[PDB]
Amino acid sequence: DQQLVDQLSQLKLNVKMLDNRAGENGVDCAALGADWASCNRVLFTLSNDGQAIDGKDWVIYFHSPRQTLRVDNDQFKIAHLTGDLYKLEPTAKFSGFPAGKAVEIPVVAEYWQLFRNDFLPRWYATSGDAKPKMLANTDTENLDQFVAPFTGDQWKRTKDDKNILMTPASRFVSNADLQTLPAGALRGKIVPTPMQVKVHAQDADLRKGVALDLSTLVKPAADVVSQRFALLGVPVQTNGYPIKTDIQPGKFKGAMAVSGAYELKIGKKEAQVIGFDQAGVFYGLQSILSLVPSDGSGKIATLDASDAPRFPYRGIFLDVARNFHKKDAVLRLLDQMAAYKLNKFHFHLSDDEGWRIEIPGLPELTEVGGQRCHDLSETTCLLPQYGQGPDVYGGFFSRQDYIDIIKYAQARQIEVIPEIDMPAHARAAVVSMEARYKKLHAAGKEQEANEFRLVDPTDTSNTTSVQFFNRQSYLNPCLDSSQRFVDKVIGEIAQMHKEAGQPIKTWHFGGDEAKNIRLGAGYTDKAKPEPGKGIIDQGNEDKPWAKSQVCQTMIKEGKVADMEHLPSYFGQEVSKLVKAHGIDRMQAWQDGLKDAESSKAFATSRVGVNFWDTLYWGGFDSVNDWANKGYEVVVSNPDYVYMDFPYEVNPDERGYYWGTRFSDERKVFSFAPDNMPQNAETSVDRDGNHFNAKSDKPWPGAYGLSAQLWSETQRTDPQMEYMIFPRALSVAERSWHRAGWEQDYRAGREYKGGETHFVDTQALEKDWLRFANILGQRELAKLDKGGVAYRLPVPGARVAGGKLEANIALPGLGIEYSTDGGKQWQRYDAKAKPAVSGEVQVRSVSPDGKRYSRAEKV
Ligand SMILES: CC(=O)N[C@@H]1[C@@H](O)[C@H](O[C@@H]2O[C@H](CO)[C@@H](O)[C@H](O)[C@H]2NC(C)=O)[C@@H](CO)O[C@H]1O
């Protein structure tokens, strides 16, 4: 009843990691069905400061990205609902939560939990009648309230983990090659780095303002430029420094004769931008804006530059489905993109856990798919996921919101690429279309009910998705209703784009992870168990759609060869729908198109793939095959440009970490996307080990670069911003500019981490030192002004010769120290180091002085 829920709500949870490598320490993880026989032991403690809780009519719901495999307190049991939602229940042996005591529940989970961010907030209790209530101490974004600190070697994945734990003292060493450059060395430095620049000794004076000739630009675009000058403190007034613009396509030849190319001349009396096109003028204007200092000085170097993008596709991907991100945050993101010349916004509008775009005629997609709540019937909501509580959590962009975002992007020279992920990652859509089916079926409108249905009612396939959903995550590719649904959604989104004035140029099909994970390599069958694998019953495990009658008749009429070719076949069918709507380019995650013969199998004349295989695992060689089959390769490797991954190896950092353990501003910058094998000399793998890389195949080159923000643990907009910035500035650099240390691809060259020395790592180093300095001394102050809650790096620090020595990953940022427990903070001066004794803490501070990094002890 309610009373029981009220009592349970007052239980205080504490989560403590016991062992991240339980399989190495006597637990038989294989017998528990753990992938690759890997499991961890965690302790859940529930403390009661009230009277005894003796009822048994309750369920406690919690979220985890890890499956619970064993419960070591026999008074309780844990069962999976779907996705990340689990239930804790009392067994027949439960004898109550005693008054004033703690109950301990040790559990065994699959894999490892290396970051405290792995533990999700907002556990909740239910009981019969009653309205669900959260366990109040867990209703927070601060994990310190319920998750204990990691100690010792608990951050290690295996006993052989070679990653380096980052503390102030080891971080001091990783930053020791950095130094603060004098302001003179940063004069005339545009970033992204221009293709060619000659900096002269005179400076132009922008203090009385600039007089802009934006006649070449459509109004909305000219207004973006004018607002940005004003933001950075240069008033716009007619008597100011003249900046002239013109478009002249004929002055550009060969490979500089591309959209976004420009010639820039900054003089003492005036400036002139000549673009190949409007993007080119807009971009030459953003290059002047990049020189404006963060010191109030109003001076910029005179210079002559000529520039053009190395790639036509320079993208940022955003997931709004896992956790919604508001219109205001999307706009801020687009502002910053435009400032650093990023031009493609890949918008992931749907997935299992949410559907975020209003579709005229299919209201259930947003009414149901657009919100999560504790509704076991899933008629009004999708089940709760990702630690957002049991009550309604959600949002979506209305048709007008969406049109607004597209217009906003268009002014900023950014192309909006909508992604509606299929045929896996489609639970919001499938469940919403089921609620639609039920509603219409009840009114006796059976043809209407079935019109956009995404389920074959005969399908009993037993399949587990990557995120542990079942067959409801997989839209059925063989149904005529599924094609109707696809056609209708493409149609409606295409109309919004037409109204916004930016007609869709690329449809993103999705296509990722359309498989059953129980049939993967790390699991083994109960009957002939291979050692070191998760022992499960694999004889009742099906490939997706295996038991669909409709898919079976499709296979027998000869339309497709096997169940395995379904995803690729569906990609080919959707390309025909995309083409029919006037769209001549489709893009997909490469694994959904793997069984297609080549780009020729598609109806669009262009087919792009987001290439998301990790490099250290073979990506440096398998990427070639896509480019050579006609696909435009959009480099999206998780080991370098997944922005949902942690900035550093520290258990208190935010992020997922399946593809690598960290990717900081420096690592992202060091990525060489057009000569994949070379990264073997400049990076380490997910366990910190050196790797080797070689390809013997032809490499025509990549078409683009994209950095991804997946949103599982990015629950708020500030969290999203913490993960994207400032490392997306490194992405902008590398997607625009090819550095001298980025060598040409050579078939047969084998790069061996720690052994070969092909790459000019001293040039790489010098390039990074300058770039890190531009961020710390100029650009971060601009992000402050754009309202972006970027991550402030924690300082490196050591105590030497009686004084505190501190450093930082982005030289120029302020550093503070405290010698009294973090009560009083003082500013660090490198040229008058402070004498120190006992405990010191350090923290960094934003340029505007309002935000601080986390504080750490030396
Ligand atoms: C708990 C965990 O780490 N799971 C991993 C999945 O998240 C991951 O899926 C892919 O990665 C993204 C997160 O970085 C997902 O949001 C996304 O849906 C998915 N697909 C794409 C194209 O990235 C997979 C990758 O094999 O591994 C898991 O272990």
Side-chain angles (χ1 to χ4, degrees), residues 17 114-116 142-144 148-156 161-183 646-654 661-667 684 688 722 726 765-766 768-773 775-777 780 790-858:
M17 175 50 64
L114 307 180
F115 294 76
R116 297 164 61 242
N142 179 10
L143 300 195
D144 293 355
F150 275 23
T151 62
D153 286 346
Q154 283 181 346
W155 62 269
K156 296 196 185 183
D161 199 332
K162 287 324 161 206
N163 277 293
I164 289 145
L165 180 72
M166 297 295 284
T167 63
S170 56
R171 191 178 305 111
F172 180 92
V173 170
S174 80
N175 296 335
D177 58 6
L178 298 172
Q179 60 182 280
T180 304
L181 295 177
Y647 273 82
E648 64 175 8
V649 183
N650 194 297
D652 295 344
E653 268 305 347
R654 178 174 303 277
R661 202 76 55 75
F662 77 101
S663 288
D664 59 1
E665 307 85 347
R666 181 207 273 267
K667 182 183 171 185
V684 289
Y722 175 105
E765 238 154 277
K766 202 94 229 156
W768 173 251
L769 172 74
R770 197 181 286 296
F771 195 87
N773 267 274
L775 267 47
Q777 296 191 49
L780 295 203
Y790 60 89
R791 177 180 177 273
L792 284 158
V794 181
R798 67 179 175 151
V799 187
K803 279 164 174 187
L804 178 70
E805 194 180 350
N807 65 18
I808 194 137
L810 301 173
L813 277 178
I815 288 157
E816 305 184 332
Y817 69 97
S818 182
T819 55
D820 62 6
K823 316 300 186 103
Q824 247 284 312
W825 293 86
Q826 305 160 250
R827 296 200 70 33
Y828 173 80
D829 188 345
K831 289 179 161 176
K833 299 179 178 59
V836 138
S837 43
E839 197 216 314
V840 198
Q841 283 193 41
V842 282
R843 79 191 182 172
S844 70
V845 54
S846 57
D848 67 6
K850 298 196 170 266
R851 292 209 303 126
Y852 301 103
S853 68
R854 76 175 183 274
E856 292 186 343
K857 300 90 211 214
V858 185

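Nothing fancy with the numbering, it's 1 onward along the sequence. Reckoned from all heavy atoms, side chains included, excluding hydrogens, waters and symmetry mates.
No donor-acceptor pair under 3.5 Å is formed between the side chain of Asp153 and the backbone N or O of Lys156. In this structure a side-chain-to-backbone donor-acceptor pair under 3.5 Å is missing from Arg770 to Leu181. With hydrogens and angles ignored, the 3.5 Å screen pairs no side-chain donor or acceptor of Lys857 with any backbone N or O of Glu839. In terms of modelled atom types and a separation under 3.5 Å, the side chain of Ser818 and the main chain of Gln841 share no donor-acceptor contact. Within the 3.5 Å criterion, the main-chain N or O of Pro834 finds no donor-acceptor partner in the side chain of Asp829. At least one donor-acceptor pair under 3.5 Å links the side chain of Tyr647 to the backbone N or O of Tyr722. Side chain of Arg116 to main chain of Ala148: a donor-acceptor pair is present (N/O by atom type, distance under 3.5 Å, no hydrogens or angles).
The nearest pair of heavy atoms linking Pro726 to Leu780 is CB-CD2, 3.9 Å. Heavy-atom minimum distance, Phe150 versus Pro651: CD2-CB, 3.6 Å. Counting all heavy atoms, side chain and backbone alike, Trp825 lies closest to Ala855 at CH2-CB, 3.5 Å. Here the shortest heavy-atom pairing between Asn773 and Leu769 reads ND2-O, 2.7 Å. Contact between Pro793 and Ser844 at its shortest, heavy atoms only, is O-OG, 2.6 Å.
Listed by chain and number, the residues in a side chain to side chain donor-acceptor pair (under 3.5 Å) with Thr180 amount to none (sequence neighbours excluded). Evaluation of the side-chain contact (heavy atoms from CB on, under 4.5 Å) rule for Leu114 yields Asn20, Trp112, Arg157, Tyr657, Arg661 as partners, not counting sequence neighbours.
Atom CD1 of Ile815 is separated from atom CD of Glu805 by 9.5 Å, given to the nearest 0.5 angstrom. With rounding to the nearest 0.5 angstrom, the OG1 atom of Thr167 is 13.5 Å from the CZ atom of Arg798. Atoms CG and CG, on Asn163 and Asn650 in that order, are 12.0 Å from each other to the nearest 0.5 Å. Taken to the nearest 0.5 Å, the CD atom of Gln826 stands 10.5 Å off from the CG atom of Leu804. Distance check, rounded to the nearest 0.5 Å: CD1 of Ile808 to OG of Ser853 gives 6.5 Å. The line from CG of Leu813 to CG of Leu775 is 8.5 Å long, rounded to the nearest 0.5 Å.
Looking at heavy atoms from C-beta onward, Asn807 lies out of side-chain contact with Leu178 at the 4.5 angstrom threshold. You'll find the side chain of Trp768 reaches within 4.5 Å of the side chain of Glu665, heavy atoms only. Using a 4.5 Å cut-off on side-chain heavy atoms (C-beta onward), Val799 and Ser837 make no contact. Within the 4.5 Å cutoff, side-chain heavy atoms of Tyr790 are placed close to those of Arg851. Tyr817 has its side chain out of reach of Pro795: every pair of non-hydrogen atoms, C-beta onward, lies at least 4.5 Å apart. Looking at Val794 and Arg854, their side chains come closer than 4.5 Å, going by heavy atoms from C-beta outward. You'll find the side chain of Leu165 stays beyond 4.5 Å of the side chain of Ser170, heavy atoms only. Contact check for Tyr828 versus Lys833: side-chain heavy atoms found under the 4.5 Å cut-off.
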* To do: Begin from the C-alpha positions of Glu856 and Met166 and carry the test side-chain contact (heavy atoms from CB on, under 4.5 Å) through to its verdict.
  => CA-CA 11 Å; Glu856 292 186 343; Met166 297 295 284; over 6 Å; no

* salt bridge (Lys or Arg N to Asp or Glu O under 4.0 Å) assessment of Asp664 paired with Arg171 -> CA-CA 12 Å; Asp664 59 1; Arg171 191 178 305 111; over 6 Å; no

